[PDB]
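For reference, the structure discussed in these notes is given below.
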Amino acid sequence: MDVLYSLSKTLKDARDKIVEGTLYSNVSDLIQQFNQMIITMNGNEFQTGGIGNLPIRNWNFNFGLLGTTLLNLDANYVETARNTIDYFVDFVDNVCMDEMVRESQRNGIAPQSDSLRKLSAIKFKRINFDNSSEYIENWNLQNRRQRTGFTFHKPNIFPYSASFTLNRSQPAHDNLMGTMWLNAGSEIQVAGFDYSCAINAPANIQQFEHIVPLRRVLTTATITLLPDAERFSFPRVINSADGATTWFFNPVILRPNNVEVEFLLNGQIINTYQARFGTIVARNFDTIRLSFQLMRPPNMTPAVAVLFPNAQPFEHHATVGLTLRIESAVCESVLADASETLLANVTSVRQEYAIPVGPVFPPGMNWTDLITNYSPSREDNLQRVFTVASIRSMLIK
Amino acid sequence: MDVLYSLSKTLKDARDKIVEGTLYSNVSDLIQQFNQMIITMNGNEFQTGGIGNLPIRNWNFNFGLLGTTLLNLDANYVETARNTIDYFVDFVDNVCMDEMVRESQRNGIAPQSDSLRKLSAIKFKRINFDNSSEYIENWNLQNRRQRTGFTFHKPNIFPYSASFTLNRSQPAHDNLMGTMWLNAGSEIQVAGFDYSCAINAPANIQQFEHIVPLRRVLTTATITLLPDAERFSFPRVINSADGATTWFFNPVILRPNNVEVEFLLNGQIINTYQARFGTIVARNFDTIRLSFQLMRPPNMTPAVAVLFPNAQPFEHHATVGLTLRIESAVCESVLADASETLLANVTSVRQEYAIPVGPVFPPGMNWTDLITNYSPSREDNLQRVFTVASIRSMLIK
Amino acid sequence: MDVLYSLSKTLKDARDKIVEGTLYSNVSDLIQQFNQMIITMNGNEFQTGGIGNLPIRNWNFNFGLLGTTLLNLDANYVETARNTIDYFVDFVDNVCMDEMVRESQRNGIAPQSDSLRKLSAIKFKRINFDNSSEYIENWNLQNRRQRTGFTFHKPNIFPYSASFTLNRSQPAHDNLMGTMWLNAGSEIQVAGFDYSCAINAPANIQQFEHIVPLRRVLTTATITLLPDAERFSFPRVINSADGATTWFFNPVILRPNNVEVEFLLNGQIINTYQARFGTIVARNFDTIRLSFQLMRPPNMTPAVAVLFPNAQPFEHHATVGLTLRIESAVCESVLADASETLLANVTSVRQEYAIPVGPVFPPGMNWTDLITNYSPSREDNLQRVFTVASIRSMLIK
Amino acid sequence: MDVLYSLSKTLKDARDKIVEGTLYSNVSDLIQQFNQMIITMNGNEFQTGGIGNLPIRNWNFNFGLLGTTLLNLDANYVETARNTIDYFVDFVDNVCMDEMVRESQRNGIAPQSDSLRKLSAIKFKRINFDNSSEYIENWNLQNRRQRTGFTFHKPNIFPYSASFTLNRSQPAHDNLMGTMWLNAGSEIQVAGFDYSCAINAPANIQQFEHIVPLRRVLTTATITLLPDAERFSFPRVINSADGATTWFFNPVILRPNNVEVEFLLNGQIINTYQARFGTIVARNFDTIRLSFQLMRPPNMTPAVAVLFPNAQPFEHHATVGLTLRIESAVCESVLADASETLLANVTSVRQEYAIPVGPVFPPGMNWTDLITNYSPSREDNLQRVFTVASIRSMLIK
Amino acid sequence: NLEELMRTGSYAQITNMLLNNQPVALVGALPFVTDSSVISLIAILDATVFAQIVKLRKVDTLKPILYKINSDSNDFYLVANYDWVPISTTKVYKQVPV
Amino acid sequence: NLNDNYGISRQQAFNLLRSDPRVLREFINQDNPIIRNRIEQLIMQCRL
Ligand SMILES: [Zn+2]
Ligand SMILES: [Zn+2]
């Protein structure tokens, strides 16, 4: 993997730096690296593809070195370099695709394609150059057995869920108390509703809880907490828990009372925020617990009081909600966020070449299933394929 | 860690090999190792302790090399060697305790004590000797990111949990169906009980299931499976689920039929045993699923017909049980077990020196809490402290 | 076999001794042995696998000798040695698996794989090293036809057997005298019951006898004998011997009387313990005879007298039980104890590679059947496979 | 003792390392040690036996040295070495048996047999080698008056005691309060029973205590604490304290509340756990005090309320239990345990050769009596015989 | 590597391989003897140049044999007039000129 | 038990020995099982 990254990095640097008119002092080191790569790759034979519709390709390297004696590069030098660069880039592209399209239930972190297995050999260690990208450096740190971290903007850490729980319920669904929620991507919207507006509750306060556990620990997370669940603030016709019938939800929104948001690690409160909305920081957590109360307004103007009678007919249902968005975070394990395109690259390659479903990943690289059942083998394979995707994206666009 | 282990191993081999009268050909290599240890440690100052009640101690090494001109060791040689070895062993003991009493959320495996940080420098690599013991071997393997394995006799893999789940009940708790279980250490005892003895059940068969997910993947485990849970076969008075009242349990044991024990890995059935008792083998699993049925006896003698009526009053409650013990297993992670004293040593040191509760481990090294939330940071810290505890146990009796 | 063990031993020593910084004097002998192994193996081709799902692999040895360093070997030396060590370890792993998955009805001691047959040639005998492991020691002793010994913790010597015998019985199963037992693994648990409480027996004493034979003689065994059988001390509904109906067993436990435990060897009484409980020692035996009695209490308080009437209706059945557990033992044959992983390893390899059932072992390496019919050929095969399994476990976790 | 262990160790190393085909560089030092042993033992004559049926045997040593010129050991070298090794191993075995079959009220640590007395002379010190075994290491530490340590799995530390105490009693034995207990091996099962279910007890609570002392101090002990005593949860008919009559015990089990377990050393509290079950650690203790309460439930369903009336005719008797098992521990004194076989070896030798009961150990090496009265002279003799038994087991299978 | 062999001075491996006839490639800047002799090829004269390594524990006198059979060879009639495939056990690692 | 399993500070131990309400309530709110169990024991022993 380090050799493959070095190949892609060398080719990208050759594309960027070997340009007409540039001083050779600008690319002396790069050309030494390029010649070393050519020497090491010469005389070796590689095969790629053969899975799905990915064609079987054979690669042979018999290239000549690059000049090192001009003062300023000219057009001839640029074309001579580009001819070799095209072939090397194609080889790297196909090796990366072959590695992406594959998976293994045991030792998913190790190379899976025969080309990458060959590059794992000691003879190719002369191609290492630089390891400065985020994914390659995290790879090297993990191998060295040190702390790793990927920084995500809107990490898709919540498996897609949209559901409700009814604590009080009847067949007619005329008088309900409970909660509804959507956990999607990097956002949690929760809304506790009570049809009676806590008329008969002790102290006219109804308590609501919502616990969202994560599949991986998030560190140094910036979060936005806002006091209304805009998704659960309009009339709705939902289908019963067992699907038999449908019930009505005509919410009227009240302020959430006694809002507590706790970020827990190993079941212990690491961070806790009370009645505080806006930007908050969770330093280290794997569970989010949101507690909030519907408190019946002790004082009501007539227009308000008419909404909440003390008898069964309830046309307006008192709802109080919270919205929590993870803007940024750091995680030890790879995830899918809104800024990176690695998941898109892997899924696109697999779909384009019609890879049969393997023994590890879910069909279509479904991120919801993957993050729902994020297992050790899945994490290893996902990190491997994402690292290869970053290596490939260095060259292909 | 490797240097600390090497110091301990050199000192142990000195205390056992360097004995009066022994040929110098028996200890020539060991004495070379000992002299290099002395040379490398000479002129270095170390400080240990300073946390809790662990005293701050200072260590200075200025020692002479053991002689090499003798063909046989005599009393004086052993005396001088013992005089040096005592001080070295005291230093090793204090370093090990200082390392064991410390934790870190980030980089749990990295050295935490000042002495071990100093030993991690490159000048001390000269004293490395042979890493033969199980724990140092696994330490090096995980440092290189290989497959580790610890062999446990009765691994302490299940957190303590004694509970019951009711599938049929009433306010009077006089006609109940459900399961009761104790998971403890390496033993699962589960008993399904039905008060009606499947008089009205379809086919007179009541199904019971019990799913025990392990926090780590065990491999090549020998398991004893016996057809009765002795723990749930006597009369009991049990708190109700909410705790408001208490209910009566008056078991009468029948044989469990259609016993199916399935060992699963990532939701995939790896091993399955039907109506099989005694020694069975689970090669690789992280979940245990026990299925067993209570079947109403088709033919009853009068003393059994009296027991099992069709009217409501159910004096005797049919019960079918299973016991499942993990005699031995292999795990890639580190666990407390019945044969090793590493957890006991770590807990003893912490309790003896009143180490303040840290950010990683639960108070008092509570194994229930550790295993219940066995996060990767906890695993790293636990492996480090167990390795240090084994190193200490090499010397301290 | 000795050559395979020597390869494993030298590879384990190389892994555990050739570490950065160690003196060269610490590993001179090891390096000489390693280079001898390389010289002897070089130029030889081996083929492994080909049974079930075990892949066919071809092994060629073309390696240079390990070098020398003046004082302390360094990182380069360790990496260069590690490459060869990894290849050799893989080879030994595969040879051991191919040996484990094979068996022979005739000449079960003899090697069964082509790799091990080749290694048994005279050219490889120069790779012998030290045969220190317990299993290789006993292998050599058995080859020489000397007395062997394996020390087992909770030896699994009793084939699983839960049963009952009724010396007195009627169709109504209302007045039964007999004995119910469970012999499992290392435990005997036998309860003799009389429904009449010996009302009409000579001297008001009912005699019970339980004779458990063992397939293999055990020597110097520590045994725990306790005066009750918790497994047969709660109400039961038990199927009849014919399976036609079921009978009710409602025990009241009395102390066993005149408990005599006899350990017999070849029909001669070797050890006799009279009404002694706790830790006893059986020096040599192949049969256990537990003789106990139910003595009707001569004086009973009113609550007791209510339990045992003169006439027929017997609601409470007098029960007297014994429990016996073999904590440790020594056997000249091979067994599956509760602390070792050899049976688990062999079964795991067979299950993982879907080896078809052979002509020697029962399906799935079922220990109950294997120990019930522990033929001499089966013992030969089991010793062979367990020895190779221990050799493999030297190198593989 | 050190000389005897050295003889056994060098003979074992000759058995293992001196094998056909091995490089002489792997046995050079061992052969030098073997020749030193031969030189030291040559010209000497010993006598063993003469106690019980242990036959009197005479040994005279006149052996030639082993060659040192081979490049690789061949068959002739191994046969020649084996001829000497057979006689030496026979001599060591007989010396060990002769030592194990003897006692001394005063100075029992010192050698007892004439052969070991002779070996204790200085001229034999040249046969020393390396004392690496656990028992010889502890022997050397004992001689040097340092701190000893033995690690035991399931230490046999509790002197057998199955008994009951009746705090409230009547001749009719119909309204009893008290405790029953079994302390055996490493397990304490203790139940507290009240026939009135604390109907009249103050606070509707009945307190129970159970104190178990130990004859030796255990260190860094892992313990399992479970909230019920299975052994005392079924109907029983127990003899009275005087044996005049029998009383009936029909228990119904309630959870023990306010469970406290204290581990004390020299009567001072070292560890205390309140209402904590599962795995616990006692760092250093000599007495266990278990305290637990039977609380009459305040709320009861009709089935529960029928059981515990207000008046005398108590049919079901409330009981609360605890089970405390010492999984592992460390002791400065030798103990019988589940994993080791030294007690079995000593007892077996004495039984086989019909050694008359001596002045130190009880008849038949009864471990119950030995650990009930573990006097210091008994400890000295027991450590001596255990060390000799381990030395013997090094060689004899 | 002939250089490393010469520096270390231990010829155990090369001696064992040359005694037991195990294929091997000696790598290093060596001088060769050019031989245009078909009868010398038939005589298997290229395989008789390695024994001196075992005899002397040195590799500076190793001088492989490179056969060069052409029309200007004085024995090429043997190649031309008979039905045989010229063959040699040893090969010389050399590069054709640019 | 508290000192062994939590290693309380010198000031906290001083205050607990003196029976300081501040430290007692601090532990109760911190959810120390040992202190909470002792206090619950006292409250339940306040039967009547
Ligand atoms: Zn954005
Ligand atoms: Zn055990």
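Lettering follows sequence order; numbering is per chain, from 1. Hydrogens, waters and symmetry mates play no part in the numbers below; they use all other heavy atoms, side chains included. In each ligand, atom 1 is the first atom listed, and ligand 1 is the first ligand listed.
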* Taking C-beta and beyond as the side chain, do D:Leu343 and D:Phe386 meet within less than 4.5 Å on heavy atoms? -> yes

* Asked: Can you tell if the side chain of B:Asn138 reaches within under 4.5 Å of the side chain of B:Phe150, non-hydrogen atoms only?
  -> yes

* Backbone N/O of A:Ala336 and side chain of A:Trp367: donor-acceptor pair under 3.5 Å ->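 Not confirmed, A:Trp367 side chain does not pair with A:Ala336 backbone.
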
* Asked: side-chain contact (heavy atoms from CB on, under 4.5 Å) between D:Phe285 and D:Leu214: does it pass, once the steps are laid out?
  -> CA-CA 9 Å; D:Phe285 74 95; D:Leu214 309 177; 3.4 Å; yes

* Listing by chain and number, what protein N/O/S atoms are under 2.8 Å from the Zn ion (ligand 1)? -> A:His153 NE2

* Asked: Salt bridge check: are B:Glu187 and B:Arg325 linked by an N-O gap of less than 4.0 Å?
  ->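 Between B:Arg325 and B:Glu187 there is a salt bridge, with a charged N closer than 4.0 Å to a carboxylate O.
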
* To do: With sequence neighbours excluded, tell me which residues meet ring-ring contact (aromatic ring centres under 6.0 Å, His included) with D:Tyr374.
  =>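 Partners of D:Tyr374 by the ring-ring contact (aromatic ring centres under 6.0 Å, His included) criterion come out as none, since no residue qualifies.
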
